[PDB]
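Visitor: PDB entry and its sequence, pasted below:
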Amino acid sequence: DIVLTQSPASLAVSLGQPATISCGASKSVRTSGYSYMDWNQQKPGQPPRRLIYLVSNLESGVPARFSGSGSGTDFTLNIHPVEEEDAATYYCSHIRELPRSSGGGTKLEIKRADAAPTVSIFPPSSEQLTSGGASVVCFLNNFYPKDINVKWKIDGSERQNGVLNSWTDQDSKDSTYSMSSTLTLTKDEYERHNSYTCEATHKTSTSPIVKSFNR
Amino acid sequence: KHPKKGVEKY
Amino acid sequence: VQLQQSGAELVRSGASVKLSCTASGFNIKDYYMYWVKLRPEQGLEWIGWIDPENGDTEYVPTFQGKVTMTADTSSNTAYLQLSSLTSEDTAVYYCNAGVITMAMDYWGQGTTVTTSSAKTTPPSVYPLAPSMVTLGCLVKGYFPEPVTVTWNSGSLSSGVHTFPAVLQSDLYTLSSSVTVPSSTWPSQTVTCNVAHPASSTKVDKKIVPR
Ligand code: NA
Ligand code: NA
């Protein structure tokens, strides 16, 4: 099969600036006639979409801003200017030989003005305590960039087991990310402590944002 | 001519 | 102008399942229906095609004897049967009506197949109460995925954050935030709706102050 080598793996661009991704075929993707090279894009949690077929032909719907180029072993996809709604994973796909083959992906981040997470902490609810579990939920919304570190303190001691984190994909519309962190204990260990603290360390403030409650 | 198998149709 | 694929599937290690992909606004003998596997935090694998005009099929060597493509050009539907399932078959499966003419192209919204020998467990829905203000609900310990959270039955959607389910204890846990102006609440009820088709459960939950 043909190894398709997408470069780079990751790409962060400001709105309005240009963008270019590369694709290398380990063989020429020109049959006898035209060259069956395609580009797709998967906007976050959406089926993939085909942008470009046959190296250069724009697929109905794609804006004039996109264009792809190449021949034989080398191909690139161009954007310029870049916009919010281009956030996605780009794939080069070849059809010159069965089995047809796919690049590894190129992940497109919109780079924007840094923004700090809006944070809130939520004590376990009564309804849950009655059942034996206790979960402290901390929401960390609308921040940029993605890399963010979250830390839980129970009565002043760092705590590491029980914490599950989950990130949304980059928001096509406002270009921020968002995060849940969730400290799950047992009702008795929850009752044994007093102070619960969720601390966001991000590139924004120096020291963390820290939401908290007592009891 | 002739449409590449699996790929193209008239 | 839509391909619709069938709903999410949970099925045992060993069984078979059948995925459907139904067109509207074109016929599927004008295209090749392709199938494409997306393992979560990995690449698209191509599985092959069916030409619903001669019922020709071609599978990729990795999927032969694992995969059966069929098509019903009478109800304009394309089929992908997967056989003797394994953990490696846990993925999302898209059908693509696609053809280079001598073009134009459609994608289905995809079908999530989950290979587990575990059991349907409905969620527990927990309320999350504290310019503007943030509210949420916690959806804990259900199985399989998905669940869906809307807010006030869809009317609220602006400033809703809803996170990918995470696996732990062999069930999923997720949650949703919604941020409203603190005049709107609690002066006007904020409710979160939770659908778990797999257990046929629906939960409305009001966010009252503590
Ligand atoms: Na024709
Ligand atoms: Na895959």
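Guide: Great, that's in hand. Numbering: from 1, shown residues only, chains lettered A, B, ... in the order given. Ligands and ions are numbered 1, 2, ... in the order given.
Visitor: Would you mind giving the domain segments of the chain?
Guide: Chain wasn't specified; assuming chain A. Under the assignment curated CATH domains, the domains of chain A span A:6-111, A:112-215.
Visitor: That was the other one, I meant chain C.
Guide: Domain segmentation of chain C under curated CATH domains yields C:1-117, C:118-208.
Visitor: Same list, these, but as a markdown table with distance to residue A:185 and mean neighbour count please.
Guide: Heads up, the C-betas are built off the backbone N, CA and C, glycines and all. Written out in a markdown table, the entries for the domains of chain C read as follows (distance: least, CB to CB, whole Å; neighbours: other CB atoms under 10 Å in any protein chain shown):
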| stretch | distance to residue A:185 | mean neighbour count |
| --- | --- | --- |
| domain C:1-117 | 27 | 18 |
| domain C:118-208 | 13 | 17 |
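Visitor: rewinding a little: so which of the domains of chain A comes closest to chain B?
Guide: domain A:6-111 (5.2 Å; CB to the nearest CB).
Visitor: is the closest one up against ligand 2 anywhere?
Guide: No - applying CB under 5 Å from the ion, one finds domain A:6-111 out of contact with ligand 2, separated by at least 9.0 Å.
Visitor: Between the two ends of that domain, how far is it?
Guide: The first and final residues of domain A:6-111 sit 21 Å from each other (CA to CA, to the nearest Å).
Visitor: Centre of the chain to that domain, how far?
Guide: How far domain A:6-111 lies from its chain's middle: 18 Å, per CA atoms, centre = their mean, to the nearest Å.
Visitor: do the same with stretch C:51-66
Guide: Centroid separation between stretch C:51-66 and its chain, computed with CA atoms, centre = their mean, is 24 Å.
Visitor: contact partners of it?
Guide: When contacts are defined by CB atoms under 8 Å, 6 or more residues apart in numbering or on different chains, stretch C:51-66 is touched by residues A:98-100, B:5-6, C:28-29, C:31-33, C:45-50, C:67, C:69-71, C:73, C:78, C:82-84.
Visitor: Excluding sequence neighbours, find me the nearest residue to residue 4.
Guide: Because you didn't say which chain, this covers chain A. With CB to CB, 6 or more residues apart in numbering or on different chains as the criterion, residue A:4 has its nearest non-adjacent residue at 4.5 Å, and that residue is residue A:103.
Visitor: not what I meant, chain B
Guide: Leaving out its chain neighbours, residue B:4 is closest to residue A:31 (CB to CB, 6+ apart), at 6.7 Å.
Visitor: Which strand or helix spans the one you found?
Guide: Under the criterion DSSP states H and E, no helix or strand holds residue A:31.
Visitor: Dihedrals phi and psi, it?
Guide: phi -80, psi -160 (degrees, to the nearest 10).
Visitor: Which residues of chain C lie near chain B?
Guide: Within chain C, the positions lying close to chain B (CB under 8 Å from any CB of the partner chain) are C:30, C:31, C:32, C:49, C:51, C:58, C:99, C:100, C:101, C:102.
Visitor: try it again with 7 Å
Guide: When proximity is defined as CB under 7 Å from any CB of the partner chain, chain C approaches chain B at C:32, C:49, C:58, C:99, C:100, C:101, C:102.
Visitor: rewinding a little: I'd like the domains of chain A laid out as CSV, including mean neighbour count.
Guide: Formatted as CSV, the entries for the domains of chain A read as follows, by neighbours: other CB atoms under 10 Å in any protein chain shown:
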stretch, mean neighbour count
domain A:6-111, 17
domain A:112-215, 17
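Visitor: Just put these in JSON lines and tack on distance to residue C:15.
Guide: Written out in JSON lines, the entries for the domains of chain A read as follows (distance: least, CB to CB, whole Å):
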{"stretch": "domain A:6-111", "distance to residue C:15": "26"}
{"stretch": "domain A:112-215", "distance to residue C:15": "30"}
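Visitor: can you tell me the residue of chain B closest to chain C?
Guide: When distances are taken as CB to the nearest CB, chain B reaches nearest to chain C at residue B:8, 3.9 Å away.
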